[PDB]
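Participant: Pasting in a structure now, in structure tokens, and then I'll have a few things to ask.
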Amino acid sequence: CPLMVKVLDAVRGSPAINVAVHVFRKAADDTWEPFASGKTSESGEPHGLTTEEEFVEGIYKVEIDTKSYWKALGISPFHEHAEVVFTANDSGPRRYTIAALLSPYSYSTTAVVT
Amino acid sequence: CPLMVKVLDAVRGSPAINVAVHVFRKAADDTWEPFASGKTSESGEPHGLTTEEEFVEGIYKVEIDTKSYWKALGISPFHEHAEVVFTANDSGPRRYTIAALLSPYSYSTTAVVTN
Amino acid sequence: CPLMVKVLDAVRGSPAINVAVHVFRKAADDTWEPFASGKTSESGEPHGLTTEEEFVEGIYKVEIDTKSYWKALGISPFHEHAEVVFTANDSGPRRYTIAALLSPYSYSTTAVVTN
Amino acid sequence: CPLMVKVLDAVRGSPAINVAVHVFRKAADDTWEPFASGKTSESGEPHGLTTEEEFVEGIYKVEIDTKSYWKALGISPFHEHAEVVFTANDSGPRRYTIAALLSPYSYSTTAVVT
Ligand SMILES: O=[N+]([O-])c1ccc(O)c([N+](=O)[O-])c1
Ligand SMILES: O=[N+]([O-])c1ccc(O)c([N+](=O)[O-])c1
């Protein structure tokens with residue numbers, strides 16, 4: 001998997017389960033074409049988002065539906081979602097893991113490229 | 001000022017200065033409409049982004065141009081920008097401070113909302 | 001004030017108020033000696049922690065009592081406190097703002113250091 | 001492994017390799033007894049810190065030697081180290097992963113209990 005997402009819950013101290021993750025790729029009209037999506041499993045990861053062949057260089061947006069996640073838990077959140085926008089770059093073998101640590105009024109996100 | 005943004009550089013341990021900040025508000029036809037924009041000063045915040053009258057209920061997006069920032073410092077960053085999208089003033093006016101802490105390959109953002 | 005601390009609650013989206021802050025400075029015999037202490041006000045910061053004269057070179061530890069905070073809000077937190085240990089004033093006096101963003105099972109801390 | 005540590009580098013966008021991780025357990029004199037240690041591997045994790053039998057309830061401190069890590073990279077850091085102090089609590093099956101995301105002037109840390 002060239003691209004993985006992992007979502008953690010900073011309130012419960014556990015992975016964020018059943019979170020909706022939508023990925024988009026920037027089109028020539030500068031519009032966001034749906035690219036991949038999924039919902040996080042018990043490990044806080046969605047399964048098999050894309051393939052080496054599809055994940056070409058390009059500007060991608062990963063949108064984590066945090067607001068539904070907090071609502072389910074009964075905690076009013078601040079954000080509509082968490083959005084991570086980045087250019088995928090070819091430069092040797094490289095797997096992308098986008099991690100997001102969620103709290104109701106904040107989130108942090110990092111990319112681990114390996 | 002009902003909407004303030006503060007941007008911090010976690011590499012340099014300082015406010016992130018000269019950072020472009022663009023704010024959009026979701027239009028009726030569901031597109032993002034320009035709402036406000038500024039650039040952070042030495043304190044890491046843009047000034048006078050909006051007014052209480054203009055900052056009505058809506059869904060807003062604060063886009064902080066982190067890529068141009070890291071690039072001016074000579075770093076090649078991961079993200080194109082940091083993006084903060086939220087519903088504002090849903091229970092009446094609040095004052096919102098969106099803070100973002102920036103690293104080349106990560107950022108964290110939190111909001112302090114006061115009545 | 002050459003040493004300031006700001007504490008934010010990432011659950012409530014507000015400053016963390018009534019939080020105890022203890023500062024220690026590493027003694028010659030290598031133990032941690034009490035240096036300063038306060039409690040955050042409504043802005044999430046304690047006030048007048050130290051003075052330029054007192055805040056000499058050394059290794060400091062800022063311990064923010066996050067556990068008692070989360071417990072007063074009725075949450076059972078992971079950490080006993082958040083701990084920020086750093087060398088201060090090594091290249092001459094600086095002003096230091098230690099910020100900490102708190103969640104029940106995580107926290108992040110950054111320092112803004114100005115000349 | 002009842003207790004795992006994972007260290008990420010927010011500047012390089014990769015795990016933090018060769019980082020020194022010391023774990024301590026609070027003694028009755030309120031002093032910190034060395035408990036476990038190791039250095040992070042290519043995955044940013046030290047290997048086999050402790051065992052189910054040793055990791056009893058108690059107050060633990062995990063100290064990540066961030067300052068040596070940044071020095072090696074040639075980046076002046078702020079912190080002497082990152083220190084994560086917590087009470088291990090028995091309450092059903094539970095593995096602790098202490099994650100830390102490091103930048104020169106900041107770090108965040110979260111516990112994933114699963
Ligand atoms: O200063 N801040 O607003 C701010 C933002 C994000 C953060 O993660 C932190 N922090 O680490 O304490 C502070
Ligand atoms: O491991 N992670 O994915 C991850 C992401 C962001 C974070 O801020 C942290 N953290 O606080 O240690 C960990």
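Residues are named by chain letter and number: chains run A, B, ... in the order of the structure tokens, numbers start at 1 in each chain, and ligands are numbered from 1 in the order shown.
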As a PyMOL selection string, please: the residues near residue 1 in chain B (cut-off 10 Å, only C-alpha atoms, same-chain neighbours under 2 positions excluded).
Facilitator: chain B and resi 3-4+47-52+55+95-97
Participant: Selection from above, C-alpha atoms, as a compact mmCIF listing (two decimals), in the first residue's frame, can you write it?
Facilitator:
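Written file, selection_23.txt:
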# COMPACT_ATOMS: atom_id res chain seq x y z
CA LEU B 3 -11.43 35.47 14.46
CA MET B 4 -7.73 35.33 15.21
CA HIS B 47 -4.43 41.28 12.18
CA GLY B 48 -7.97 42.48 11.71
CA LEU B 49 -9.03 39.45 9.68
CA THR B 50 -12.75 40.20 10.14
CA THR B 51 -15.34 42.12 12.18
CA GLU B 52 -18.17 40.99 14.41
CA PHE B 55 -18.37 37.09 10.79
CA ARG B 95 -14.40 34.63 19.54
CA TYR B 96 -12.19 32.04 17.86
CA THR B 97 -8.43 31.73 17.98
Participant: Would you name the residues within 10 Å of ligand 2, counting only C-alpha atoms and all ligand atoms, and put them as a ChimeraX atom specification?
Facilitator: /A:5-8,10,15,97-102,107-112 /B:106-108 /C:105-109 /D:5-10,15,97-102,107-112
Participant: Pull the helix (DSSP H, G or I) assignments for range 52-83 of chain D out of DSSP run on the backbone, and list those residues as a list in words.
Facilitator: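 Going through range 52-83 of chain D, the helix (DSSP H, G or I) residues come out as residues 66, 67, 68, 69, 70, 71, 72 and 73 of chain D.
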Participant: Write out the residues from the selection above, keeping N, CA, C and O atoms, as a tab-separated table (two decimals), in the first residue's frame.
Facilitator:
chain	number	residue	atom	x	y	z
D	66	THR	N	15.79	13.14	23.29
D	66	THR	CA	15.54	13.87	22.04
D	66	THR	C	16.74	14.76	21.68
D	66	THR	O	17.06	14.99	20.53
D	67	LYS	N	17.37	15.30	22.70
D	67	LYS	CA	18.40	16.30	22.49
D	67	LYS	C	19.60	15.72	21.75
D	67	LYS	O	20.18	16.40	20.93
D	68	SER	N	19.99	14.48	22.07
D	68	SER	CA	21.07	13.78	21.33
D	68	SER	C	20.62	13.46	19.92
D	68	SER	O	21.40	13.48	18.95
D	69	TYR	N	19.35	13.17	19.79
D	69	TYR	CA	18.84	12.84	18.50
D	69	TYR	C	19.00	14.06	17.60
D	69	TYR	O	19.55	13.91	16.52
D	70	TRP	N	18.56	15.26	18.04
D	70	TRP	CA	18.60	16.45	17.17
D	70	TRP	C	20.06	16.86	16.85
D	70	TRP	O	20.38	17.22	15.71
D	71	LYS	N	20.91	16.75	17.87
D	71	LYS	CA	22.34	17.07	17.77
D	71	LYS	C	22.96	16.24	16.65
D	71	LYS	O	23.61	16.77	15.80
D	72	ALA	N	22.70	14.94	16.64
D	72	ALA	CA	23.14	14.07	15.56
D	72	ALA	C	22.69	14.60	14.19
D	72	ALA	O	23.47	14.61	13.21
D	73	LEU	N	21.44	15.05	14.13
D	73	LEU	CA	20.95	15.61	12.88
D	73	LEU	C	21.49	17.03	12.64
D	73	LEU	O	21.32	17.57	11.55
Participant: Could you list, as a tab-separated table (two decimals) with C-alpha atoms, in the first residue's frame, all the residues within 9 Å of ligand 1, counting only C-alpha atoms and all ligand atoms?
Facilitator:
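result26.tsv, written as the output of this step:
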chain	number	residue	atom	x	y	z
A	106	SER	CA	-7.65	20.02	18.03
A	107	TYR	CA	-5.84	17.56	15.89
A	108	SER	CA	-2.30	16.94	14.87
B	5	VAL	CA	-5.05	32.96	13.95
B	6	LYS	CA	-1.71	32.27	15.57
B	7	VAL	CA	1.02	30.39	13.81
B	8	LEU	CA	4.08	28.90	15.51
B	10	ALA	CA	8.23	24.20	15.91
B	97	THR	CA	-8.43	31.73	17.98
B	98	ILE	CA	-7.14	29.09	15.61
B	99	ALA	CA	-3.61	28.15	16.55
B	100	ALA	CA	-1.33	26.04	14.42
B	101	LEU	CA	2.04	24.61	15.35
B	102	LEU	CA	4.11	23.86	12.24
B	107	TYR	CA	1.29	20.35	12.09
B	108	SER	CA	-1.15	20.54	14.90
B	109	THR	CA	-3.98	22.96	15.22
B	110	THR	CA	-6.31	23.73	18.08
B	111	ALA	CA	-9.07	26.24	18.59
B	112	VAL	CA	-9.71	28.34	21.69
C	6	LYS	CA	0.35	28.80	28.61
C	7	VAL	CA	-1.92	25.85	29.02
C	8	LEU	CA	-4.76	24.95	26.65
C	98	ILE	CA	6.24	27.10	27.21
C	99	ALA	CA	2.88	26.18	25.75
C	100	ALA	CA	1.11	22.93	26.37
C	101	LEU	CA	-2.00	21.62	24.68
C	102	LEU	CA	-3.75	19.02	26.85
C	107	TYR	CA	-0.36	16.49	25.30
C	108	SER	CA	1.86	18.52	23.12
C	109	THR	CA	4.21	21.21	24.23
C	110	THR	CA	6.23	23.73	22.29
C	111	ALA	CA	8.48	26.57	23.28
C	112	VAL	CA	8.60	30.05	21.75
D	106	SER	CA	8.19	20.83	20.49
D	107	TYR	CA	6.94	17.34	20.96
D	108	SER	CA	3.62	15.69	21.34
Participant: What does chain A look like once superposed on chain D, all Cα atoms paired in sequence order, least squares? Give it as a short mmCIF file (atom, residue, chain, number, x, y, z; two decimals) with N, CA and C atoms, in the first residue's frame.
Facilitator:
data_model
loop_
_atom_site.label_atom_id
_atom_site.label_comp_id
_atom_site.auth_asym_id
_atom_site.auth_seq_id
_atom_site.Cartn_x
_atom_site.Cartn_y
_atom_site.Cartn_z
N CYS A 1 4.40 -7.79 24.53
CA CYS A 1 5.02 -6.60 25.21
C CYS A 1 3.96 -5.69 25.82
N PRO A 2 3.94 -5.61 27.14
CA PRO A 2 2.92 -4.78 27.74
C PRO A 2 3.17 -3.27 27.50
N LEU A 3 4.39 -2.89 27.16
CA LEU A 3 4.71 -1.49 27.01
C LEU A 3 5.59 -1.27 25.81
N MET A 4 5.13 -0.44 24.88
CA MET A 4 5.90 -0.13 23.67
C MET A 4 6.05 1.38 23.51
N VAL A 5 7.15 1.78 22.89
CA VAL A 5 7.37 3.19 22.63
C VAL A 5 7.62 3.36 21.14
N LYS A 6 7.00 4.37 20.56
CA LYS A 6 7.28 4.71 19.15
C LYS A 6 7.59 6.18 18.98
N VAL A 7 8.70 6.48 18.31
CA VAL A 7 9.19 7.83 18.20
C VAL A 7 9.24 8.27 16.73
N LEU A 8 8.60 9.40 16.44
CA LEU A 8 8.52 9.87 15.06
C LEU A 8 9.21 11.21 14.98
N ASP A 9 9.78 11.47 13.80
CA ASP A 9 10.50 12.69 13.49
C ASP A 9 9.62 13.55 12.56
N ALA A 10 9.16 14.69 13.06
CA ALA A 10 8.28 15.62 12.34
C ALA A 10 9.03 16.51 11.35
N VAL A 11 10.36 16.51 11.42
CA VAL A 11 11.12 17.30 10.47
C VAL A 11 11.44 16.49 9.24
N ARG A 12 11.87 15.25 9.43
CA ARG A 12 12.27 14.37 8.33
C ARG A 12 11.08 13.59 7.78
N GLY A 13 10.00 13.51 8.56
CA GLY A 13 8.81 12.75 8.16
C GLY A 13 9.06 11.24 8.18
N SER A 14 9.77 10.78 9.20
CA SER A 14 10.13 9.37 9.28
C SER A 14 10.21 8.94 10.73
N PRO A 15 10.27 7.62 10.99
CA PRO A 15 10.50 7.27 12.38
C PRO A 15 11.82 7.85 12.88
N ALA A 16 11.91 8.05 14.20
CA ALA A 16 13.14 8.52 14.80
C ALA A 16 14.02 7.35 15.21
N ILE A 17 15.12 7.21 14.47
CA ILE A 17 16.00 6.06 14.59
C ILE A 17 17.15 6.34 15.53
N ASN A 18 17.51 5.32 16.31
CA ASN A 18 18.72 5.39 17.15
C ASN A 18 18.50 6.33 18.29
N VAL A 19 17.23 6.56 18.62
CA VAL A 19 16.94 7.34 19.81
C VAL A 19 16.97 6.50 21.09
N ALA A 20 17.60 7.06 22.12
CA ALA A 20 17.71 6.41 23.41
C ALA A 20 16.44 6.61 24.25
N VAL A 21 15.90 5.51 24.77
CA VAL A 21 14.65 5.53 25.53
C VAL A 21 14.88 4.88 26.89
N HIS A 22 14.74 5.66 27.96
CA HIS A 22 14.96 5.09 29.27
C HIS A 22 13.63 5.08 30.00
N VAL A 23 13.33 3.98 30.68
CA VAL A 23 12.08 3.89 31.44
C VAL A 23 12.42 3.73 32.91
N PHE A 24 11.66 4.39 33.77
CA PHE A 24 11.92 4.35 35.19
C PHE A 24 10.61 4.07 35.87
N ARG A 25 10.71 3.52 37.08
CA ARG A 25 9.54 3.19 37.86
C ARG A 25 9.66 3.89 39.22
N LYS A 26 8.58 4.47 39.72
CA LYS A 26 8.74 5.23 40.95
C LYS A 26 8.89 4.32 42.17
N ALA A 27 9.98 4.51 42.90
CA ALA A 27 10.27 3.80 44.15
C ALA A 27 9.54 4.41 45.37
N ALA A 28 9.51 3.67 46.49
CA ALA A 28 8.84 4.17 47.72
C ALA A 28 9.45 5.46 48.27
N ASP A 29 10.72 5.72 47.96
CA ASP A 29 11.38 6.95 48.39
C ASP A 29 11.06 8.07 47.40
N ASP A 30 10.09 7.81 46.53
CA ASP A 30 9.76 8.74 45.46
C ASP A 30 10.97 9.02 44.58
N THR A 31 11.89 8.07 44.51
CA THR A 31 13.00 8.20 43.57
C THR A 31 12.76 7.34 42.32
N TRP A 32 13.43 7.68 41.24
CA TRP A 32 13.20 6.98 40.00
C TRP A 32 14.19 5.82 39.78
N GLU A 33 13.72 4.59 39.97
CA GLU A 33 14.57 3.41 39.74
C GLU A 33 14.56 3.08 38.25
N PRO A 34 15.74 2.93 37.62
CA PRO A 34 15.81 2.42 36.25
C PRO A 34 15.03 1.14 36.09
N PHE A 35 14.24 1.04 35.02
CA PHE A 35 13.32 -0.08 34.86
C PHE A 35 13.62 -0.81 33.55
N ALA A 36 13.79 -0.04 32.50
CA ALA A 36 14.00 -0.61 31.17
C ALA A 36 14.61 0.48 30.33
N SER A 37 15.26 0.07 29.25
CA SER A 37 15.71 1.03 28.27
C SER A 37 16.01 0.38 26.94
N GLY A 38 16.36 1.19 25.96
CA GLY A 38 16.69 0.65 24.66
C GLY A 38 16.90 1.77 23.68
N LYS A 39 17.19 1.43 22.45
CA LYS A 39 17.31 2.47 21.45
C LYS A 39 16.42 2.15 20.27
N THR A 40 15.82 3.18 19.70
CA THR A 40 14.78 2.93 18.73
C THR A 40 15.40 2.32 17.46
N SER A 41 14.69 1.37 16.87
CA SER A 41 15.14 0.78 15.63
C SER A 41 14.65 1.60 14.43
N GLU A 42 14.82 1.03 13.23
CA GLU A 42 14.41 1.68 11.98
C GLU A 42 12.93 2.03 11.98
N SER A 43 12.16 1.32 12.79
CA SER A 43 10.73 1.55 12.90
C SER A 43 10.41 2.64 13.95
N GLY A 44 11.45 3.17 14.59
CA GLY A 44 11.30 4.15 15.65
C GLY A 44 10.88 3.56 16.99
N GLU A 45 11.02 2.25 17.15
CA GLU A 45 10.64 1.58 18.38
C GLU A 45 11.86 0.89 18.99
N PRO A 46 11.97 0.89 20.33
CA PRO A 46 13.00 0.07 20.94
C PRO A 46 12.41 -1.34 20.97
N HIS A 47 13.23 -2.38 21.12
CA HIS A 47 12.69 -3.76 21.08
C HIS A 47 12.59 -4.36 22.49
N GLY A 48 11.44 -4.95 22.80
CA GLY A 48 11.23 -5.70 24.04
C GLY A 48 11.62 -4.99 25.33
N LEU A 49 10.89 -3.93 25.68
CA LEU A 49 11.25 -3.16 26.86
C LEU A 49 11.03 -3.90 28.18
N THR A 50 9.92 -4.61 28.30
CA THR A 50 9.62 -5.28 29.55
C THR A 50 8.74 -6.52 29.30
N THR A 51 8.25 -7.15 30.37
CA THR A 51 7.45 -8.36 30.25
C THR A 51 6.16 -8.20 31.05
N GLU A 52 5.16 -9.01 30.75
CA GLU A 52 3.91 -8.92 31.50
C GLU A 52 4.14 -9.03 33.01
N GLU A 53 5.07 -9.89 33.44
CA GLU A 53 5.31 -10.15 34.86
C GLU A 53 5.86 -8.93 35.62
N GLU A 54 6.80 -8.22 34.98
CA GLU A 54 7.47 -7.02 35.58
C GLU A 54 6.64 -5.76 35.57
N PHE A 55 5.86 -5.60 34.53
CA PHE A 55 5.11 -4.38 34.35
C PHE A 55 3.90 -4.41 35.27
N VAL A 56 4.14 -4.22 36.55
CA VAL A 56 3.04 -4.12 37.49
C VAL A 56 2.52 -2.66 37.53
N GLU A 57 1.34 -2.49 38.12
CA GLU A 57 0.81 -1.17 38.41
C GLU A 57 1.86 -0.38 39.16
N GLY A 58 1.88 0.92 38.94
CA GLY A 58 3.00 1.75 39.39
C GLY A 58 3.09 3.02 38.55
N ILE A 59 3.93 3.95 39.00
CA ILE A 59 4.12 5.18 38.29
C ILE A 59 5.42 5.08 37.56
N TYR A 60 5.32 5.26 36.26
CA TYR A 60 6.45 5.07 35.36
C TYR A 60 6.82 6.35 34.68
N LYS A 61 8.10 6.47 34.36
CA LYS A 61 8.53 7.57 33.57
C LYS A 61 9.27 7.06 32.35
N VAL A 62 8.87 7.52 31.17
CA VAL A 62 9.57 7.19 29.94
C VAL A 62 10.30 8.44 29.49
N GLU A 63 11.61 8.33 29.30
CA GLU A 63 12.40 9.50 28.98
C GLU A 63 13.05 9.27 27.62
N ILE A 64 12.75 10.14 26.67
CA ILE A 64 13.21 9.93 25.32
C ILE A 64 14.34 10.92 25.12
N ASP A 65 15.54 10.45 24.81
CA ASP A 65 16.67 11.39 24.67
C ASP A 65 16.67 12.16 23.36
N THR A 66 15.79 13.14 23.29
CA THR A 66 15.54 13.87 22.04
C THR A 66 16.74 14.76 21.68
N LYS A 67 17.37 15.30 22.70
CA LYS A 67 18.40 16.30 22.49
C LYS A 67 19.60 15.72 21.75
N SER A 68 19.99 14.48 22.07
CA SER A 68 21.07 13.78 21.33
C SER A 68 20.62 13.46 19.92
N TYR A 69 19.35 13.17 19.79
CA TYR A 69 18.84 12.84 18.50
C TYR A 69 19.00 14.06 17.60
N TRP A 70 18.56 15.26 18.04
CA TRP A 70 18.60 16.45 17.17
C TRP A 70 20.06 16.86 16.85
N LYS A 71 20.91 16.75 17.87
CA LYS A 71 22.34 17.07 17.77
C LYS A 71 22.96 16.24 16.65
N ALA A 72 22.70 14.94 16.64
CA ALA A 72 23.14 14.07 15.56
C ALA A 72 22.69 14.60 14.19
N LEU A 73 21.44 15.05 14.13
CA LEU A 73 20.95 15.61 12.88
C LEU A 73 21.49 17.03 12.64
N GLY A 74 22.09 17.65 13.65
CA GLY A 74 22.64 18.98 13.44
C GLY A 74 21.63 20.10 13.58
N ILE A 75 20.63 19.90 14.43
CA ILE A 75 19.53 20.84 14.54
C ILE A 75 19.45 21.22 16.01
N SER A 76 19.53 22.49 16.38
CA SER A 76 19.60 22.72 17.80
C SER A 76 18.20 22.55 18.33
N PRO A 77 18.06 21.72 19.34
CA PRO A 77 16.76 21.54 19.94
C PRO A 77 16.54 22.38 21.18
N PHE A 78 15.30 22.40 21.65
CA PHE A 78 14.99 23.06 22.88
C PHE A 78 15.08 22.13 24.10
N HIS A 79 14.48 20.95 24.04
CA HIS A 79 14.34 20.13 25.24
C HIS A 79 15.60 19.32 25.55
N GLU A 80 15.84 19.07 26.83
CA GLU A 80 16.84 18.09 27.24
C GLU A 80 16.39 16.70 26.83
N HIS A 81 15.09 16.44 26.96
CA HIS A 81 14.53 15.16 26.57
C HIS A 81 13.01 15.29 26.62
N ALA A 82 12.31 14.23 26.23
CA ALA A 82 10.88 14.24 26.39
C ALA A 82 10.57 13.23 27.48
N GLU A 83 9.70 13.60 28.41
CA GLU A 83 9.46 12.77 29.55
C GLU A 83 7.97 12.51 29.68
N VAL A 84 7.61 11.25 29.78
CA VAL A 84 6.21 10.89 29.82
C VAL A 84 6.02 10.10 31.09
N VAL A 85 5.24 10.66 32.01
CA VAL A 85 5.07 10.09 33.32
C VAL A 85 3.62 9.71 33.48
N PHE A 86 3.38 8.47 33.90
CA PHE A 86 2.04 7.91 33.93
C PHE A 86 1.92 6.76 34.93
N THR A 87 0.70 6.51 35.39
CA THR A 87 0.40 5.38 36.25
C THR A 87 -0.12 4.24 35.38
N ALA A 88 0.53 3.08 35.45
CA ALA A 88 0.00 1.89 34.78
C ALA A 88 -1.14 1.35 35.64
N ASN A 89 -2.29 1.06 35.03
CA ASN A 89 -3.46 0.63 35.81
C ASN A 89 -4.00 -0.71 35.33
N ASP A 90 -4.27 -1.64 36.25
CA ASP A 90 -4.84 -2.94 35.84
C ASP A 90 -6.35 -2.84 35.69
N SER A 91 -6.85 -3.15 34.50
CA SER A 91 -8.27 -3.00 34.22
C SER A 91 -8.57 -3.73 32.92
N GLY A 92 -8.59 -5.06 32.98
CA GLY A 92 -8.66 -5.85 31.75
C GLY A 92 -7.33 -5.87 30.99
N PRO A 93 -7.27 -6.68 29.92
CA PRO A 93 -6.12 -6.75 29.02
C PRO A 93 -5.83 -5.39 28.37
N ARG A 94 -4.57 -4.96 28.44
CA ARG A 94 -4.20 -3.61 28.01
C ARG A 94 -2.72 -3.53 27.68
N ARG A 95 -2.40 -3.24 26.43
CA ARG A 95 -1.02 -2.98 26.04
C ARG A 95 -0.83 -1.47 25.92
N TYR A 96 0.29 -0.93 26.41
CA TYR A 96 0.55 0.51 26.36
C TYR A 96 1.49 0.79 25.21
N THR A 97 1.11 1.69 24.31
CA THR A 97 2.07 2.24 23.35
C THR A 97 2.18 3.72 23.59
N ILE A 98 3.38 4.16 23.96
CA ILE A 98 3.64 5.57 24.16
C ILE A 98 4.25 6.03 22.87
N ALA A 99 3.55 6.93 22.17
CA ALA A 99 4.08 7.50 20.93
C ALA A 99 4.52 8.95 21.16
N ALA A 100 5.59 9.35 20.51
CA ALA A 100 6.07 10.70 20.62
C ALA A 100 6.43 11.15 19.25
N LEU A 101 5.92 12.32 18.89
CA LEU A 101 6.26 12.97 17.65
C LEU A 101 7.19 14.14 17.95
N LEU A 102 8.38 14.11 17.40
CA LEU A 102 9.39 15.09 17.83
C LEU A 102 9.65 16.15 16.80
N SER A 103 9.72 17.40 17.27
CA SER A 103 10.29 18.49 16.52
C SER A 103 11.35 19.12 17.41
N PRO A 104 12.23 19.95 16.82
CA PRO A 104 13.30 20.55 17.61
C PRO A 104 12.79 21.36 18.80
N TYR A 105 11.72 22.14 18.62
CA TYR A 105 11.21 22.94 19.72
C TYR A 105 9.87 22.48 20.25
N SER A 106 9.43 21.30 19.88
CA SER A 106 8.19 20.83 20.49
C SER A 106 8.14 19.34 20.41
N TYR A 107 7.25 18.72 21.18
CA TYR A 107 6.94 17.34 20.96
C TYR A 107 5.53 17.11 21.41
N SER A 108 4.89 16.13 20.82
CA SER A 108 3.62 15.69 21.34
C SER A 108 3.76 14.21 21.67
N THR A 109 2.93 13.72 22.59
CA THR A 109 3.02 12.35 22.98
C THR A 109 1.62 11.90 23.34
N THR A 110 1.30 10.66 23.00
CA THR A 110 -0.02 10.16 23.27
C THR A 110 0.15 8.74 23.73
N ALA A 111 -0.83 8.21 24.42
CA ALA A 111 -0.76 6.82 24.81
C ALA A 111 -1.88 6.13 24.08
N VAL A 112 -1.56 5.04 23.41
CA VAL A 112 -2.58 4.21 22.81
C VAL A 112 -2.66 2.97 23.68
N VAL A 113 -3.77 2.84 24.42
CA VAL A 113 -4.04 1.65 25.24
C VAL A 113 -5.05 0.73 24.55
N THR A 114 -4.63 -0.50 24.26
CA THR A 114 -5.47 -1.40 23.47
C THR A 114 -5.56 -2.82 24.04
#
Participant: Extract, using only C-alpha atoms, all DNA, RNA and protein residues at most 7 Å from residue 82 in chain B, discarding same-chain residues fewer than 5 positions from it, and format them as a PDB file with C-alpha atoms, in the first residue's frame.
Facilitator:
ATOM      1  CA  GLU B  63      -5.985  27.877   5.074  1.00  0.00           C
ATOM      2  CA  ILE B  64      -2.500  28.644   6.280  1.00  0.00           C
ATOM      3  CA  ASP B  65       0.076  28.636   3.527  1.00  0.00           C
ATOM      4  CA  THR B  66       2.641  26.432   5.234  1.00  0.00           C
TER       5      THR B  66
END
Participant: Pick out the residues sitting within 8 Å of residue 94 in chain C, and hand them over as a CSV table (one decimal) with C-alpha atoms, in the first residue's frame; count only C-alpha atoms, and ignore anything fewer than 2 positions along from it in its own chain.
Facilitator:
chain,number,residue,atom,x,y,z
C,2,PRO,CA,11.3,35.8,31.0
C,88,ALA,CA,17.6,28.2,29.6
C,89,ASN,CA,19.7,31.3,28.9
C,92,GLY,CA,22.4,34.9,27.3
C,96,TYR,CA,10.6,31.6,27.0
C,113,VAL,CA,11.9,31.6,22.6
C,114,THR,CA,12.5,35.3,21.9
C,115,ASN,CA,15.5,37.6,22.3
Participant: Using only C-alpha atoms, which of B:31, B:87, B:14, B:103 sits nearest residue 60 in chain B?
Facilitator: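 The closest residue to residue 60 in chain B is B:87.
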Participant: Could you please determine the separation between CA of residue 83 in chain B and CA of residue 24 in chain B in Å, to one decimal place?
Facilitator: 10.7 Å
Participant: With distances taken over only C-alpha atoms, which of B:25, B:74, B:12, B:54 is nearest to chain C?
Facilitator: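 With only C-alpha atoms as the atom set, the closest residue is B:12.
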Participant: Tell me which of B:77, B:93, B:44, B:34 sits closest to chain A, counting only C-alpha atoms.
Facilitator: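 Of the candidates, the smallest distance to chain A is held by B:77.
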Participant: Which distance in Å separates CA of residue 35 in chain B and CA of residue 57 in chain B, to one decimal?
Facilitator: 12.6 Å
